Amino acid sequence: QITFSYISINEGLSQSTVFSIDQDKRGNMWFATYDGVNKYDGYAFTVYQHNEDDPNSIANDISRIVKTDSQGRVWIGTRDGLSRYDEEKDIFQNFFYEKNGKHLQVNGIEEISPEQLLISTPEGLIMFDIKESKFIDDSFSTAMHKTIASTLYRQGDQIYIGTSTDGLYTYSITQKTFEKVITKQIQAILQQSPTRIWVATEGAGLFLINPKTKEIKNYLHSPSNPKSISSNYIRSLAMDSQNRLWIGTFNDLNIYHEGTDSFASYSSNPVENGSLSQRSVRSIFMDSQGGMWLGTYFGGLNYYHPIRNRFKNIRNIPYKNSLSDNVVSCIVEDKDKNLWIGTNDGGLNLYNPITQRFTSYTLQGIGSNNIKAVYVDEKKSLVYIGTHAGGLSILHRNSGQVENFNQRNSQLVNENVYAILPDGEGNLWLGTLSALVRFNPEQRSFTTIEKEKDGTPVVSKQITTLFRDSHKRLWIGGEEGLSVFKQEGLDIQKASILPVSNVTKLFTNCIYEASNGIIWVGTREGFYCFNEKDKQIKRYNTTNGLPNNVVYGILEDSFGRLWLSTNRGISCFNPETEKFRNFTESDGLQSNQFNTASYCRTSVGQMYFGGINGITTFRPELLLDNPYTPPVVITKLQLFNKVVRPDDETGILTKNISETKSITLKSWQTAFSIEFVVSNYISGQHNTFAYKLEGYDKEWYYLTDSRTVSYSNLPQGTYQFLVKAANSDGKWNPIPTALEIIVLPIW
Amino acid sequence: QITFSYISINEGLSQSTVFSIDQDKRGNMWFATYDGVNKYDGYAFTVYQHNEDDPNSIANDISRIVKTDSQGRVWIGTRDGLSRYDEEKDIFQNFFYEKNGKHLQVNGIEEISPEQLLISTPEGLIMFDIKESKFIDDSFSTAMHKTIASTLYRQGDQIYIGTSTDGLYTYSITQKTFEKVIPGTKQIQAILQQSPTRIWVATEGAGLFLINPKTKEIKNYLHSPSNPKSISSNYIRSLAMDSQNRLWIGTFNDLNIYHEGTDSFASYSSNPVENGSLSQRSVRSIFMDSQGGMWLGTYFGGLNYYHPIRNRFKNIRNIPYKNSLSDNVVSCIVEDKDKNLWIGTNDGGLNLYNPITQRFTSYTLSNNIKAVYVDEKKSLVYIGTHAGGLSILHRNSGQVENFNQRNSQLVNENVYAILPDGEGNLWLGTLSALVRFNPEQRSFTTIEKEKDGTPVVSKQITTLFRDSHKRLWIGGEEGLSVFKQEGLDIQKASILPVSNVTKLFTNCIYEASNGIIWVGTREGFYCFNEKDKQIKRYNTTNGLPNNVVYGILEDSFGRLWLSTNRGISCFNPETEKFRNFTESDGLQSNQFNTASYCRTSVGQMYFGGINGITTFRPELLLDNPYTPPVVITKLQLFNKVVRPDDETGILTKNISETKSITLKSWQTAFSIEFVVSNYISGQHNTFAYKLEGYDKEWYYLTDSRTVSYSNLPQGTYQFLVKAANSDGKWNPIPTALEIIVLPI
């Protein structure tokens with residue numbers, strides 16, 4: 001159930017290789033790449049590169065490791081040494097360790113104490129005393145000092161030290177002992193519990209140690225077994241927020257499953273959307289929200305969060321067993337809990353949701369590939385298929401053979417069958433584009449219905465939809481409107497049970513009878529309910545909160561809420577409060593554009609809605625909203641359209657705007673602008689900002705497409721610029737970020 | 001040479017089906033969809049939809065035609081009739097035609113005269129009097145009036161009229177003669193005149209017809225399953241000429257472009273695995289904009305967009321299960337003496353591109369190729385890999401020799417560079433040493449000392465280069481050295497002055513045609529003039545887009561082309577002008593790759609990166625010549641949008657049409673949004689603006705399009721704004737809005 005969004009070169013990442021990931025106290029992500037150190041806030045990258053002129057720039061562009069210490073300070077190991085990010089002045093301090101006239105590279109950083117770091121270089125281990133900004137190389141024992149460490153990892157009073165050739169070691173921070181814990185290079189170390197430490201090796205697979213018993217288990221690759229790890233070359237490990245171990249290999253991501261003692265694989269396939277961007281996973285990190293970030297070598301970052309996977313999409317996968325075409329029409333569940341899915345170009349798909357197996361039925365053979373209706377005759381093991389420009393096909397499910405009926409080999413008046421409903425007497429009603437037709441399977445005959453029982457002509461309208469209500473009445477809908485009929489034997493007879501209303505003439509897409517007996521009709525001009533008790537009708541459209549007036553399908557969840565598909569996503573409607581909660585493509589839907597007849601609710605409550613880009617599925621009742629509402633950070637101040645920097649000529653900032661509580665503007669400093677941001681990775685860039693310059697603005701104002709506000713020629717006084725943010729599920733951070741602005745008088 | 005950009009739901013298009021495309025005099029594109037009329041200005045969509053509460057809203061969301069007339073007024077045909085976009089009041093007027101109780105649909109619109117439209121409905125042809133705002137159904141001949149038109153196309157005095165069953169008619173506006181042009185039956189979907197002796201007619205099932213109405217003779221092009229150079233389908237929905245006199249043909253299953261001479265059709269198809277292919281099989285509409293940009297509207301895939309200038313850079317990438325580069329992460333590219341390209345990759349092995357057959361073929365072999373050298377005499381390709389040693393591909397047999405630490409004398413199995421020594425052997429640049437490989441003896445000799453006895457320190461080697469004086473240049477992580485060869489011995493040539501560039505991490509070396517040597521590093525690049533022993537350094541502070549310079553090629557004009565981590569730069573060493581290009585201009589990516597550059601002997605350039613190879617001839621590159629005027633799209637006051645004839649009293653006409661506004665004393669805080677509609681450059685434009693009479697100077701914007709002003713002094717001002725295209729060309733005539741700020 002695991003799919004990824006992508007953050008890489010096109011989104012602003014400096015270079016495609018991410019060696020190491022961490023996060024600071026403001027929620028920014030930090031990415032150590034092979035060309036610059038990247039700071040990322042969910043909207044924009046700040047790339048830190050070396051400049052021979054600026055000694056305050058990062059020492060080298062080749063970064064190897066980023067580490068946040070326990071006080072939220074960000075440290076970088078580069079080719080040239082150790083760098084501290086100065087969040088106050090938004091620059092770097094660079095520190096250098098010379099041995100034999102060369103500056104050593106810093107491959108690792110761990111916290112010995114709050115003001116002491118453990119540093120690893122290619123030529124040994126040393127210490128950085130932070131209070132003094134100095135390297136100390138004589139503090140550890142000879143054996144420890146000389147150790148070439150490939151990875152470093154702290155748990156409590158211990159720091160585990162992986163070597164390249166000499167196995168695993170532990171240093172007690174308190175006791176200062178250095179002892180071998182238990183030949184191939186140790187790439188990553190993780191403690192999951194006090195009875196389980198995980199060790200990832202360069203070619204010897206994944207090890208699990210119990211440091212209490214001192215007993216070990218090794219998991220190696222087996223090609224004969226598809227639930228073993230993907231490779232013995234394992235580079236990174238991280239726990240997620242649901243107690244699952246994520247294993248980054250040279251070839252695939254592996255997630256360890258506790259129950260079976262087995263492994264799930266996840267692979268890079270360029271053609272498969274939401275798959276890993278690249279097969280080789282170099283870095284894995286869990287952010288403060290529980291989002292997982294997987295760094296590859298040539299494919300940037302891949303992001304995952306379970307909340308972002310509450311809507312699951314089923315789509316074509318070229319050259320794999322998958323949905324045959326992404327433009328989907330009807331979806332009908334059979335008695336075996338399989339799904340029969342119509343497509344516009346791909347034929348009929350049979351889908352086993354447990355197995356994930358697809359089968360298709362297509363032309364040359366069902367006689368068209370553009371499917372509009374499906375009815376499953378369960379007694380006779382037949383599937384009846386209605387197509388556009390093709391007619392009626394009968395799939396015999398045992399043999400696989402298909403009977404085709406059209407205008408050239410049968411008495412069927414119109415080959416455009418959009419609806420199929422059994423009539424109750426052993427026959428089927430076909431909704432065609434020019435008539436209602438009875439198909440008798442015993443006689444293989446087609447009969448067009450021209451008269452009612454009383455001889456009232458049925459005017460040749462186009463039938464898009466047929467529906468059978470609990471009272472056994474036939475609802476015939478199309479573009480020309482809606483009409484309801486009673487059946488007297490093989491005749492039909494108008495049932496005058498609707499009032500006189502304009503809703504009878506509306507373009508009609510779908511009809512649905514709710515559990516409480518209410519009938520709901522989807523149209524191009526919103527949707528409406530009809531209660532037969534009082535014959536009252538109430539219509540709802542975009543002015544009532546529906547996101548778009550084209551309603552293709554209506555399904556009902558277990559709370560009696562209606563779920564509606566439209567040209568702008570899916571809406572959840574509560575008929576009792578008459579409130580809407582709307583979702584869009586940015587929330588995970590297949591597209592904003594959904595499609596005709598493309599809706600199904602399984603016997604068990606799973607909901608399926610199809611569109612132009614495949615099918616979205618979810619369980620309405622299990623849906624969760626993003627609970628995270630992080631603070632807004634102010635990211636940029638400008639005076640007269642020039643960026644304002646700490647300690648520059650304006651005299652306005654002595655710190656980065658992000659760390660600033662108050663700015664004072666002199667009389668001539670009259671026009672300025674403020675850029676802000678929120679770092680909510682579950683929501684991405686779909687947050688809503690509210691702002692108000694208290695003392696000037698008369699009310700709050702909203703922003704969704706921009707993150708910048710400009711003011712000009714404010715009168716003298718103190719103002720407080722305030723800004724909050726709502727996540728993509730409309731939940732507000734209730735506590736605003738504030739920046740005081742003192743506008744000085746002339747005198 | 002044809003690929004598309006996409007404009008659909010994700011970009012703001014209301015619904016995926018575009019029936020009809022047009023453009024107004026402001027440069028906005030218009031699109032009739034199956035749910036809303038759509039106006040698009042290059043940066044944002046305005047969607048116009050039906051509101052039963054607003055009678056100034058469009059009459060129906062189901063729209064079918066959009067037509068801009070001779071005076072730039074936009075008309076819409078919808079399910080409920082004819083609508084006019086009122087550009088002055090930013091609203092719609094809706095008009096209706098009743099027959100037998102139903103309101104009739106408008107399927108076609110055409111201009112008879114500046115105030116008279118030809119309207120086509122399912123039940124016949126009628127006229128719309130623009131002056132009177134009224135339909136006139138009694139002014140055509142019966143024959144014309146009762147005709148069911150499927151398409152309408154004006155050329156000069158004539159309005160051609162395709163029918164559903166009865167062929168192509170022609171109506172003369174002066175004569176008022178309606179007569180059959182040529183005496184199929186299948187419906188005529190589109191008409192198009194290429195010359196006065198060439199009318200093209202698309203049909204629903206009878207294929208494509210070419211008529212010569214002066215000789216009254218026809219030719220029928222049909223679909224042949226055997227011949228792929230025949231027309232792609234017999235169901236043709238849309239026709240349009242581009243600016244290079246080519247006919248574009250929209251069918252049910254593909255785009256076809258007629259090739260005049262060869263009398264045949266190149267097909268372009270929808271392939272989800274292929275970057276830049278048509279978004280969807282069925283092309284329903286085609287329209288050329290005033291720039292020559294071609295817009296293709298599909299049924300389920302929105303719009304596809306093409307302009308030759310947006311294909312000035314060609315991208316060679318892997319296509320699954322079609323013949324192509326086998327892997328997108330590319331390393332070195334090398335031309336051989338038969339003009340083939342050998343292309344190393346990270347995972348996909350060694351690719352051979354044979355520009356004679358235009359085919360790729362690939363060879364498997366640790367897999368990551370860092371160096372390639374071709375010995376034409378013996379038909380061998382020598383391959384150096386990270387981790388895998390030296391391999392030899394024997395071309396005659398397909399057999400591959402491998403030399404590594406287990407089966408050979410090779411010290412270091414990391415071979416990053418290969419170059420002949422001039423004596424029959426190869427130099428190998430490896431991560432620890434310079435090694436000589438002797439193919440006859442299959443021996444590897446580490447070179448650890450000079451003829452002097454002086455140690456050769458050179459380590460972590462990335463690149464070997466032979467200059468025109470036959471000297472060997474050795475570059476790597478630790479720096480750069482130069483050596484003179486004396487038989488089998490090497491000897492240091494102290495020709496470089498005392499400089500920190502000696503110790504730079506070095507990527508490439510190239511000797512320009514004028515003999516100056518150019519070196520690419522990780523701290524920019526530099527040149528070396530040996531005459532003067534002078535070195536000049538350049539980096540980002542001088543205009544270089546990024547400091548990692550992977551490779552340097554030279555065009556016919558002596559300009560250098562540099563590949564980096566942020567695109568490619570054209571650098572003129574005479575003036576020191578950098579001209580930079582990025583992914584947004586069509587490049588494979590901003591990130592290019594090590595060793596991965598090659599200029600063919602005919603002048604073609606190739607640069608490789610993480611997403612394929614970008615190729616182009618500098619000499620045939622063209623810049624965007626179009627610099628449209630900026631249009632002012634939105635005036636806001638206290639963050640509420642002002643509209644024509646509202647409570648504020650500021651605007652009687654759309655802000656787009658307004659030459660002057662007047663602000664009263666309490667109306668003190670307002671903002672101005674603008675746009676430029678330059679479809680070649682997309683959203684990569686630069687705005688310059690100045691409120692003349694208030695602003696200290698001109699200000700520039702590249703990521704926003706709005707300016708705010710507040711508490712301006714009593715007075716009269718001119719807000720001026722102009723725009724530059726992606727390629728830096730400015731419109732010199734700014735757009736002006738007068739603002740009069742009243743006193744208290």
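Every chain is numbered from 1, with letters handed out A, B, ... down the list of sequences.
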K.L.:
Which one wins on heavy-atom pair count under 4.5 Å against chain A: B/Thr582, B/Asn593, B/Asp347, B/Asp53?
P.N.:
B/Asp347

K.L.:
Any chance you could measure B/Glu52, atom CD, to A/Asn502, atom CG, to the nearest 0.5 Å?
P.N.:
8.0 Å

K.L.:
Would you find more than 12 non-hydrogen atoms of other residues, nucleotides or ligands less than 6.0 Å from A/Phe45 atom CZ?
P.N.:
yes

K.L.:
Go through the atoms of B/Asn60 and report whether side chain, backbone, both or neither lie under 4.5 Å from a heavy atom of chain A.
P.N.:
neither

K.L.:
So what's closer than 4.5 Å to chain A heavy atoms on B/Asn328: side chain, backbone, both or neither?
P.N.:
neither

K.L.:
Quick one: do B/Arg566 and A/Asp35 make a salt bridge, cutoff under 4.0 Å?
P.N.:
no

K.L.:
Rounded at 0.5 Å granularity, tell me how far OG in A/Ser706 sits from CZ in B/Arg705.
P.N.:
10.5 Å

K.L.:
Considering only heavy atoms from C-beta outward, does the side chain of B/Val273 approach that of A/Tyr319 to under 4.5 Å?
P.N.:
yes

K.L.:
Atom OH in A/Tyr34, atom CG in B/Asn565: separation rounded to 0.5 Å?
P.N.:
9.5 Å

K.L.:
Could you give the distance from CG (B/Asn711) to OG1 (A/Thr670), rounded to the nearest 0.5 Å?
P.N.:
10.5 Å

K.L.:
For the candidates B/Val707, B/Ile610, B/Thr706, B/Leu712, which exhibits the highest count of non-hydrogen atom pairs separated by less than 4.5 Å from chain A?
P.N.:
B/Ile610

K.L.:
Measuring heavy-atom distances to chain A, does B/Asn346 have an atom under 4.5 Å in its side chain, in its backbone, in both, or in neither?
P.N.:
side chain

K.L.:
Show the nearest heavy-atom pair for residues B/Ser710 and A/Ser712, with the distance to one decimal.
P.N.:
OG-O, 3.3 Å

K.L.:
Checking B/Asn546 against chain A: side chain, backbone, both or neither under 4.5 Å from a heavy atom?
P.N.:
side chain

K.L.:
Could you check if a side-chain atom of A/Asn51 sits within less than 4.5 angstrom of a side-chain atom of B/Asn547, using non-hydrogen atoms only?
P.N.:
no

K.L.:
Please assess A/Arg79 against B/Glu477 for the test side chain to side chain contact (heavy atoms under 4.5 Å, CB included), listing each intermediate value before the final yes or no.
P.N.:
CA-CA 11 Å; A/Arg79 195 178 173 91; B/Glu477 299 202 340; 2.7 Å; yes

K.L.:
Go through the atoms of A/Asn10 and report whether side chain, backbone, both or neither lie under 4.5 Å from a heavy atom of chain B.
P.N.:
side chain

K.L.:
Sort B/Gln15 into side chain, backbone, both or neither according to what part of it lies under 4.5 angstrom from a heavy atom of chain A.
P.N.:
both

K.L.:
Roughly how far, to the nearest 0.5 Å, is CZ of A/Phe298 from OG of B/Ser589?
P.N.:
11.5 Å

K.L.:
Starting at CZ of A/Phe507, measure out to CG of B/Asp61 and round the result to the nearest 0.5 Å.
P.N.:
11.5 Å

K.L.:
Under the side chain to side chain contact (heavy atoms under 4.5 Å, CB included) rule, what do B/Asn639 and A/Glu699 come out as? Steps first, then yes or no, please.
P.N.:
CA-CA 11 Å; B/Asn639 308 310; A/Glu699 70 192 299; over 6 Å; no

K.L.:
At a heavy-atom distance under 4.5 Å, which candidate from A/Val550, A/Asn541, A/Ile9 has the highest pair count against chain B?
P.N.:
A/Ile9

K.L.:
Which residue out of B/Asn590, B/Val329, B/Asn611 racks up the most heavy-atom pairs below 4.5 Å with chain A?
P.N.:
B/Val329

K.L.:
Looking at A/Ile62, A/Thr543, A/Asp705, which has the largest count of heavy-atom pairs under 4.5 Å with chain B?
P.N.:
A/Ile62

K.L.:
Non-hydrogen atoms of chain A under 4.5 Å away: do they reach the side chain of B/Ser16, the backbone, both or neither?
P.N.:
both

